[PDB]
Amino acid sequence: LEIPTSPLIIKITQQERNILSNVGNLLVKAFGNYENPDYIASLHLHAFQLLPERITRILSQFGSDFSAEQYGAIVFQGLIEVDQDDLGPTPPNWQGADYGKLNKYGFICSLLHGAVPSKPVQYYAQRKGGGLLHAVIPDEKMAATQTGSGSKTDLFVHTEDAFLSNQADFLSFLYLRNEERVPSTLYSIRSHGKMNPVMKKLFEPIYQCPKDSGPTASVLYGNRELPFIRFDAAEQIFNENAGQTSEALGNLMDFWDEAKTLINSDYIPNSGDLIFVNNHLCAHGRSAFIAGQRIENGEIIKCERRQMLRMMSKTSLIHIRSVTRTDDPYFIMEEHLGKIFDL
């Protein structure tokens, strides 16, 4: 067995970039925006017929691959060319993001999910939905917070929405700018190799999964030999109010001791790179940084602040139907491990 220790790196070609750009422009003209219900209803058809064939091939293989060799993450290097002057300055927070300008990017991202095949969704748990595409921008007000609006966060990893029974199946992180040169940290449950006694204890449904007395869940699930994972190191372990039992905390600490040595922080994304993640296999994180600066040869180089676009998707609308809005089967109303928001 070749135990995966790093994600698959795909170097996007100029011809592929040009196709994505032209297709993105055509979809903007045809449908106005990526949230158009006519576009969403025919998403897979546009994904398989408009994407560069190599991307379609990679994503289709990835969607059904839960084998021992699968890391659960793909880095698409140079997926898009970002014109930095046209993008202009990074807004102070995510509320300031111009969606007229990210519209083409939303089409491209939604086609990638569509080729898995997977359906872009939104969660009331994250920004009261906030649309299919989220701008992730470091806010000075929330500088050292354990969120996406954060800047100084270090050594931790998490799968997205570990507190939800219906968390995303697939995630995409499109980097518009990373002038601070912050590494993108990834962690795969497949990096452990063969099922061992430390991992086996995580199948027990005894762990707290606190929201971004509570119900418990298993950290490991799915296949017994090649499992899926729901994990949040900061929220389940290093949170004083996590409320874990001594048995559960001990199991998580033993797991974290093994897991932390397998974290991969080698990849530093460039503008236009997209990281595509199987949220059931691979956890993600970000190293500490001061937004709007980098240090080179003992000197501070001022720069525009970090800017990333996030899209989440589910492979089945049927199995999430008891937690979605009556008039919107793509809008998840789940609050915490089965419990729905009481509005």
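When you see a residue number, it is the position in the sequence shown, counting from 1.
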Which fits the stretch between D212 and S213: none, 1 to 3, 4 to 9, or 10 or more deposited residues lacking coordinates? 10 or more
With B-factors read from the PDB entry, the higher C-alpha mean of 40-48 and 288-296 is in 288-296
Per the entry, higher mean C-alpha B factor between 154-162 and 135-143: 135-143
From the list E225, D232, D85, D254, select the residue with the highest C-alpha B factor recorded in the entry. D85
Name the one of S218, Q122, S149, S191 with the greatest CA B-factor according to the PDB entry. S149
Should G114 be placed in the lowest, middle or highest third of its chain by the C-alpha B factor in the entry? lowest
Quick tally, chain-level thirds of C-alpha B-factors: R57 sits in the middle
Should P197 be placed in the lowest, middle or highest third of its chain by the C-alpha B factor in the entry? lowest
B-factor third for the C-alpha atom of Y99 within its chain: highest
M308: which third of its chain by C-alpha temperature factor? middle
